[PDB]
Amino acid sequence: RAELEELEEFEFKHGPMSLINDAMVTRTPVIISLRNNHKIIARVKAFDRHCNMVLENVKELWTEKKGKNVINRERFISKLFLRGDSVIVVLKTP
Amino acid sequence: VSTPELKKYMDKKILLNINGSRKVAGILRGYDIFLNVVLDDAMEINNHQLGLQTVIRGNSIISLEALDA
Amino acid sequence: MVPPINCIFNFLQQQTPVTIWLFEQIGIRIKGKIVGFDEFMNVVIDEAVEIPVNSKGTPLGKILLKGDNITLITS
Amino acid sequence: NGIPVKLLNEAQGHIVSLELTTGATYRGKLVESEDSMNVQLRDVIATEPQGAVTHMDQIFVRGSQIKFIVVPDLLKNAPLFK
Amino acid sequence: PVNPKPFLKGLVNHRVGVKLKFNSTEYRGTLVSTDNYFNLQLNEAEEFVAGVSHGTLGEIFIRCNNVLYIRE
Amino acid sequence: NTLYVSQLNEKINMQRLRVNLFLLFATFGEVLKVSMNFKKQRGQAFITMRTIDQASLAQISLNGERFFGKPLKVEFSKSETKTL
Amino acid sequence: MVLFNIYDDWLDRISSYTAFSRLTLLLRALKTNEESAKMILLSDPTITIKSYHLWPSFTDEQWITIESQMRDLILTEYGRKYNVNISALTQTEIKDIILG
Amino acid sequence: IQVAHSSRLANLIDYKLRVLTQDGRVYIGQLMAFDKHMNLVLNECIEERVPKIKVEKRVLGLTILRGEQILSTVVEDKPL
Amino acid sequence: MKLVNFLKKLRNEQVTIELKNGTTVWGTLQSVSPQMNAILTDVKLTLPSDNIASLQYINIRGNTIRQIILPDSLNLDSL
Amino acid sequence: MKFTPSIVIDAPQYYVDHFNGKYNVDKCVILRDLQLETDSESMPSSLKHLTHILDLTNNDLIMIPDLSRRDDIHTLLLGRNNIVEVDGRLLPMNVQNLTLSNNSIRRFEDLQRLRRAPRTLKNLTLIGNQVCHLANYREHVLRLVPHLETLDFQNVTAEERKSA
RNA sequence: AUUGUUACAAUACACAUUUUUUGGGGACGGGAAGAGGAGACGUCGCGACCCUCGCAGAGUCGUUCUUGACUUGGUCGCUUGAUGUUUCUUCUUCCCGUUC
């Protein structure tokens, strides 16, 4: 009961989410992508098992125009709680 | 857990309707709880053959009208 | 009758030819031979080749395809 | 257990319509039911959004892709709830 | 004989090539590790958007649901 | 309470007919019945009201009233309605 | 005993006194309201904190802007607190900044 | 539109709710039953369509809706 | 253990949400559950920039919720 | 008494008219025999709650008053009233099913508000009045109010239209 | 002059295919006329020379002043009615409403 769930806590630091964990520990920026042609930038704070993260300094970048002329919109958000399904790829910049 | 009633449709040709416009067809050999239909025939669509046997996945399998009622 | 669990085993035993189908792209279809056995739908496919079928030779090694992505398999 | 499932089970041998993800409207009898909504039909008409209608003899539907399964006005109050 | 998980394990500390369905971008880099849910962790990542590279990422991570296949 | 109509235009549609009936009967009192139960058409419609007085009034006033060409034959129902 | 250069990359660009002043401004702001200060610091996530720095490495103009923001925060918070009518001059606000 | 401060789905049973699909086809019906996946039994489903300007209407079934494609339910008006 | 725990702890906060459609909706969470089943008290809406077409009472499924915007900026999940 | 907000509030908005839509309001203690002598004032108290079916029959309403959006009062019943003239720009698209039976519409020129109906009134019926007895009245109606589908229970045919 | 037993739900686990974690004076509107939108597939309506002719979700029975069990609008016009797939390629004049 306890040991089954408790053993899975250390699995984050060993596997694929190790990097994420590290980032969370030592606050640094990370480019988070999305399904509908979106690109978010933020520094992590908390973390979870199924990639249900929460970050600060949320700089969003997404298009809302036709194929002929692009338009890079911007908006400064913070303290969001994004779902793990939409999160495609993350990376800790130096 | 609860097994679907595929015993009634066993040993009979069925015109399948897969996801994303694909009218496949073949006789049902085996079945399971996850809906991975082990069929023993395949023919795309006009008509043209492409391999005899074909074990399809459970997700991509919406419609399946039986030829012989 | 032939079940999905034993099917995998059979495939492993034999190492026969296969033509995998994709979900998103209709034209681009994989071609190779299955190898690995597992509980989920995901299994190793040796000597992969993504051919562009009609409504032609993609470069790739031993493709370990995903469980959800696979649309078809012949054996 | 699920109430909807129970209701479905109860309605066995009745004219139940359907609606898929793509939008293929059906209308026929109910063969059987289960925990997972695996519906089977008999004398099932096909009036799809594509236009080209048809009249199918039999058809088995997947529960995941189904949007909503229709049901008659008889089984409203009793004898499913209490 | 050679299973999928085993293969994956073998491939750790070696070059890997993953491609996603939605927005097809070939991610090229050295594989670090993997879990039971089939999550990816790459090093020296190069997001090849249909051949042409966007930019050299470095260290990176990838979800299980997006990816299609894994190759050399 | 209920008032069984007869001798009306069958050529008109069902829902429309019902609507018309509702419109007609709102002057006398509150019409309880929303839709027709028989589904046969050609006059046979049971206008269910809240009050009996209202129903009576309707019977009195709309006896042989011009509705879609023909004169409607108003009359009191034999059995009581399922809703009432 | 741990060692930290609190002037993470300021001494080469600006003088020592200036650096000290900046630190004071930051620290005071943090004290007043920490979350706000943090937000101010990390407005642009591209301006990242280094592996051996306590603060984000801004350009000179950027730094100035940040300082200004901090000052504003300090003022605003003060106003909220003590219901003062208005700051008379910049030299009156110096006292507020330094001493408290 | 009348709507009190409801706590949960159990308290708001037997009420006329508008349901939104994944594709964006608006519905409307009385919520009869509840479930684990939120398969709400509609008393009489009046479906509506909007082309990819103006909303259409229909009246096919009194269906038991599925939980996968459902976006969010919204109360229209109380009964009785 | 889970990130949903944190969500559950919060209540009566005017939190926005970037849904699958794209329209914002800033309202009270009310009774948040295990499967992210939020219940809006009062929020904005833009039916398919964002136009003005809001509704008062509402109830949302957790599958649709792609994000939960901030109301009270505070980090305290464990307890 | 006069149609106030309090009266509206009091009114029974529980039993919905199940033929179409919801909330069949009946203003005051009962709209049927409310005796609203003046025009329908304080319409804002309802605030477009709901076809709506605001059954304001058996009243003494001099003129038909509306104040709401395009979907607020489709099946309005104003039977047995003293409706002299019903000109207005508020209820443009909504009021389709107009039950104006036993009204006091005397002349054909009194229906000029409803007439020029291409933009003035998107839909309107009107029947069972003094103007119905006048010579060539139906024809006139057809000419002016083309949107009037059902003219006193009988439909406006193509032949009729041609004639007018 | 409450305690005991039994049954069913809620709370306590919950990333792999049937489900909550991945298949994205000038503008505007309507109607009519003139000059250089159209064809299929269905799905509901306005008229009728037509059909059809009546009182009851329907029928049967047990028991008692109202309840338990067992069975299973069709056709033709539209003489310019509405509406979703699916292929191809506007200007002038008058009348009526809204806005400045």
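Reading the values: rules and limits
As presented, residues are numbered from 1 along each chain according to the written sequence, a scheme that may differ from that of the entry, and residues lacking coordinates are left out. A letter from A marks each chain and a number from 1 marks each ligand, given out in the order of writing. This view holds some of the chains of a larger assembly, and the values cover only those chains. Note that the side-chain values use all heavy atoms of the structure and ignore hydrogens as well as water. Residues with missing side-chain atoms are left out of burial classes, side-chain pairs and their counts. A run of H or I in DSSP becomes a helix once it reaches four residues, and a run of E becomes a strand once it reaches two; helices and strands are each numbered from the N terminus. What makes two residues a contact is simply this: any of their non-hydrogen atoms within 4.5 Å. Here the globule rule is a power law, 2.2 Å times the number of residues to the power 0.38, and the radius of gyration is based on C-alpha atoms. Classification convention: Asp, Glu, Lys, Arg as charged; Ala, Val, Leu, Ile, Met, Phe, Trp, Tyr, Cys, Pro as nonpolar; all other residues, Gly among them, as polar. UniProt positions are given in the numbering used here, feature names are shortened, and annotations may be inferred rather than shown by experiment. For two strands to be treated as a pair, DSSP must find no fewer than two bridges joining them. An axis is simply a line fitted to the C-alpha atoms; with a helix, the fit covers only the stretch in contact. Between two such axes, the angle follows the N-to-C directions and lies from 0 to 180 degrees. Here roughly perpendicular refers to angles of 65 to 115 degrees, roughly parallel to angles under 35, roughly antiparallel to angles over 145, and oblique to all remaining angles. Crossings are sorted by hand: turned counterclockwise from the far helix by less than a right angle, the near helix makes the crossing left-handed, and turned clockwise it makes it right-handed. Paired rings are identified among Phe, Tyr and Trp, the last through its six-membered ring, by centres lying within 6.5 Å, and are further divided according to the angle between planes into stacked (under 30 degrees), edge-to-face (over 60) and tilted (the rest). Both a distance and an angle decide whether a charge sits over a ring: NZ of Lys or CZ of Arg must be within 6 Å of the ring centre and within 35 degrees of the ring normal. Salt bridges are counted wherever a side-chain nitrogen of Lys or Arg sits within 4 Å of a carboxyl oxygen of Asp or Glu. Pairing of N or O atoms within 3.5 Å defines a polar contact, subject to two protein rules: one partner must be a possible hydrogen donor and the other a possible acceptor, and residues neighboring in sequence count only if both atoms are side-chain atoms.

Judging from the entry metadata, cryo-EM is the method by which this structure was determined, and 3.80 Å is the reported resolution.

*Asks:* I keep staring at the overall build of chain F and nothing clicks. Help me out?
*Replies:* Helices and strands together make up the secondary structure of chain F, namely 2 helices and 4 strands. In sequence order, the secondary structure elements of chain F are arranged as β-α-β-α-β-β. Partitioning the intrachain contacts of chain F with sequence separation of at least 6 by distance along the chain shows that 67% fall at a separation of at least 24.

*Asks:* Could you clarify how one ought to interpret the overall build of chain B in this entry?
*Replies:* The number of helices and strands found in chain B is 0 helices and 7 strands. For chain B, the succession of helices and strands along the chain, N to C, is β-β-β-β-β-β-β. Here the C-alpha radius of gyration of chain B, 12 Å, is about what a compact globule of 69 residues would show, namely 11 Å. Counting only C-alpha atoms and orienting by the principal axes, one finds that chain B spans roughly 40 × 25 × 20 Å.

*Asks:* Is there a simple way to think about the arrangement of the chains in this case?
*Replies:* The protein chains that touch form 11 pairs of chains, and the pair with the most contacts between them is chains C and E. Spatially, chain C and chain F are disjoint, and the shortest separation between their C-alpha atoms is 45 Å.

*Asks:* What should I look at first to understand the interface of chain E and chain C in this one?
*Replies:* A common measure of how large an interface is: the accessible area buried when the components associate. In this complex, chain E contributes 9 residues to the contact, which on the side of chain C involves 13 residues. In terms of residue class, the side of chain E that touches chain C is built from 7 nonpolar, 1 polar and 1 charged.

*Asks:* Would you mind showing me how to read the UniProt feature "domain: RRM" in chain F here?
*Replies:* Sequence positions flagged by UniProt for "domain: RRM" are, in local numbering, residues 1-79 of chain F. Helix makes up 28% of residues 1-79 of chain F and strand 15%. Its end C-alpha atoms lie 10 Å apart.

*Asks:* Even after reading the chapter, I still don't get the pairing of strand β3 (residues 40-49) of chain E, so can you show me in this structure?
*Replies:* Put simply, side chains in a regular strand alternate between the two faces of the sheet. Residues and elements named next belong to chain E. Bridging between strand β2 (residues 26-33) and β3 involves 6 bridges; their strand directions are antiparallel. Looking at β3, one finds that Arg-28 is bridged to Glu-46. As paired elements, β3 and strand β4 (residues 52-62) share 7 bridges and run antiparallel to each other. Bridge pairing in β4 places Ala-45 opposite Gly-58. Here β3 folds back onto β4, and the loop between the two strands holds 2 residues, one of which, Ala-50, carries a positive phi near 60 degrees.

*Asks:* Can you help me understand the sheet that holds strand β3 (residues 40-42) of chain D in this one?
*Replies:* Strand pairing in a sheet relies on backbone hydrogen bonds, with the paired strands running either antiparallel or parallel. An order of β6(B)-β3(B)-β2(B)-β1(B)-β7(B)-β6(D)-β3(D) is seen for the 7 strands of this open sheet, with the pairing classed as antiparallel. A strand with exactly one partner marks an edge of an open sheet, and here the two such strands are β6 (54-55) of chain B together with β3 of chain D. In this sheet, strand β6 (residues 58-61) of chain D lies alongside β3(D) in antiparallel orientation, the contact comprising 3 bridges. Its bridge partner being in β6(D), D:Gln40 is matched across the sheet by D:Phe60.

*Asks:* How do you make sense of the packing of helix α1 (residues 16-32) of chain G against helix α3 (residues 60-82) of chain G when you look at a structure like this?
*Replies:* When two helices pack together, you describe them by how their axes are tilted relative to each other and by the distance separating the axes. All names here are of chain G. Between α1 and α3, whose axes approach to 9 Å, the crossing angle comes to 40 degrees. By the angle between their directions, the pair α1 and α3 is classed as oblique. For the pair α1 and α3, the sense of crossing is left-handed. Of the residues in α3, those in contact with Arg-22, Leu-25, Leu-26, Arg-28, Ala-29 and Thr-32 of α1 are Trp-63, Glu-67, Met-70, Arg-71, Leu-73, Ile-74 and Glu-77. Here the contact of α1 with α3 is built from residues that sort into 7 nonpolar, 1 polar and 5 charged.

*Asks:* Looking at this model, I keep getting lost on the packing of aromatic side chains. Mind explaining?
*Replies:* Residues and elements named next belong to chain G. Where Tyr-7 meets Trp-10, the ring centres are 5.9 Å apart and the plane angle is 35 degrees; that geometry is what we call tilted. Note on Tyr-78 and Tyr-82: the rings are 4.5 Å apart at their centroids and 45 degrees apart in plane angle, and the pair reads as tilted. Within this pair, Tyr-78 and its partner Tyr-82 are both found in helix α3, separated by 4 residues, close to a single helical turn. In this structure, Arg-22 is placed above the aromatic ring of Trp-10, and the distance from its NZ or CZ to the ring centre is 5.1 Å. Its guanidinium or amino end placed over the ring of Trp-63, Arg-22 lies 4.3 Å from that ring's centre, counting from NZ or CZ.

*Asks:* Just to check I follow, could you spell out the environment of B:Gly26 for this structure?
*Replies:* Residue and element names in this part refer to chain B. Examined against the element boundaries, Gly-26 turns out to sit in strand β2 (residues 25-30). Sequence spacing of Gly-26 and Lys-12 is 14 residues, and the spatial spacing of their C-alpha atoms is 8.4 Å. Non-local contacts of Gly-26, meaning those with residues more than four positions away in its chain, are made with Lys-12, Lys-13, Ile-14 and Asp-41.

*Asks:* Just checking my understanding: could you explain the sheet that holds strand β3 (residues 63-65) of chain C for this structure?
*Replies:* All names here are of chain C. Spatially, β1-β2-β3 is the arrangement adopted by the 3 strands of the open sheet, whose pairing is antiparallel. Each end of this open sheet is capped by a strand with a single partner; those strands are β1 (28-34) and β3. Strand after strand, the sheet turns through a mean of 55 degrees between neighbouring axes, direction not considered. Bridging between β1 and strand β2 (residues 43-52) involves 6 bridges; their strand directions are antiparallel. Paired with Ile-28 across the strands is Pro-52, a residue of β2.

*Asks:* So what exactly am I meant to see when it comes to the pattern of salt bridges here?
*Replies:* A side chain with one charge may pair with a side chain of the opposite charge, provided their charged atoms come close. G:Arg22 serves as the salt-bridge partner of G:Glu67, at 2.9 Å between the closest nitrogen and oxygen. Linking G:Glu67 in helix α3 with G:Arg22 in helix α1, this pair joins segments that are 45 residues apart in sequence.

*Asks:* Quick question: what am I supposed to make of the packing of α1(G) against helix α4 (residues 90-98) of chain G here?
*Replies:* All names here are of chain G. Direction vectors running N to C along α1 and α4 enclose 70 degrees, while the axes themselves pass 9 Å from each other. Classified by the interaxial angle, the pair formed by α1 and α4 is roughly perpendicular. Contacts between α1 and α4 involve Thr-24, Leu-25 and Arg-28 on the former and, on the latter, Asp-96, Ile-97 and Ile-98. Class assignment of the residues belonging to the contact of α1 with α4 gives a composition of 3 nonpolar, 1 polar and 2 charged.

*Asks:* What exactly am I supposed to notice about unusual backbone geometry here?
*Replies:* Across residues other than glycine, the phi torsion is negative in most instances, and most of the peptide bonds are trans. A cis geometry characterises the amide bond from D:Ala78 onward to D:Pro79, with omega recorded as 0 degrees. Positionally, D:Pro79 belongs in the segment after β7 (68-69). Although it is not a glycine, H:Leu80 sits at a positive phi angle of roughly 65 degrees. Mapped onto the elements, H:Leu80 comes out in the segment after β4 (72-77).

*Asks:* Please clarify how the side chain of G:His53 should be interpreted in this entry.
*Replies:* Residue and element names in this part refer to chain G. Summarising the element assignment, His-53 is placed in the loop between α2 (34-41) and α3. A distance of 2.9 Å separates the side chain of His-53 from the side chain of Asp-8, its partner in a polar contact. In this structure the side chain of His-53 is engaged in a polar contact, spanning 3.1 Å, whose partner is the side chain of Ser-57. Dropping the residues within four chain positions of it, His-53 is found in contact with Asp-8 and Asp-9.

*Asks:* Help me out: how do you make sense of the environment of J:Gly79 in this one?
*Replies:* Tracing the sequence through the fold places J:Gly79 in the loop between α1 (5-10) and α2 (117-120). C-alpha separation for the pair J:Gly79 and J:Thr125, spaced 46 residues apart in sequence, amounts to 13 Å. Contacts of J:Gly79, omitting those with residues within four sequence positions, involve F:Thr27, J:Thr57, J:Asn58, J:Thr99 and J:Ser101.

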